[PDB]
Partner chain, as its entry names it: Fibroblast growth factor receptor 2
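This document opens with one chain alone, in structure tokens, the form deposited without its partner chain.
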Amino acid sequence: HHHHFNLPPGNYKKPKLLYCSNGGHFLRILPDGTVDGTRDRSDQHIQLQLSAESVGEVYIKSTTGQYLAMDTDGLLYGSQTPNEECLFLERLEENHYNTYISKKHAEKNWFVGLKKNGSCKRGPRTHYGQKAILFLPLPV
């Protein structure tokens, strides 16, 4: 592998919000395929349903059935169908948080990450050690 295998506790039985304390945003996947973060906890597009393919690998699906994905240039988008860009390595980080690494671009260490302003970070701009990549799964 290219990454450690410390896994977070928790299951995928129910949907979850993914909160980033970097800017205080919940990860959001809009029906138009746009991905960003919002502080509005009443938002109807922050409820995410995760599911595991292989141990430690996950799909992250929006309320409308879209799949979080990272494209060839490191930009997150919501895909209508599951493809190789939709698999993420879900890992425990700092003994507490959840991080999501693009499986397809794992060797480049590209993570799901939210900037302090709520915009998504592009793959190459993410790195181990940033607060932007740290998420806390929360009940809806």
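Positions refer to the first chain, counted from 1. Only the largest set of C-alpha atoms that superpose within 1.5 Å between the two forms is called the rigid core. Only residues modelled in both forms are compared.
There is another form of this protein, the form solved in complex with its partner chain, and it is not shown here; the text below is about that form.
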| property | result |
| --- | --- |
| Its partner chain contact in the entry with it bound: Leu50, any heavy atom under 4.5 Å | yes |
| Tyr77, heavy atom within 4.5 angstroms of its partner chain in the entry with it bound | no |
| Any non-hydrogen atom of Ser102 within 4.5 angstroms of its partner chain in the entry with it bound | no |
| Distance check, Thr72 to its partner chain in the entry with it bound, heavy atom within 4.5 Å | no |
| Residues in 73-93 with any heavy atom within 4.5 Å of its partner chain in the entry with it bound | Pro82, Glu90, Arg91, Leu92, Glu93 |
| Option from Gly129, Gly23, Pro124, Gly10 moving between this form and the one not shown, CA shift at or above 2 Å, rigid core reference | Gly10 |
| Sequence-ordered runs, three or more residues, C-alpha shift 2 Å or more between this form and the one not shown, rigid core | 5-12 |
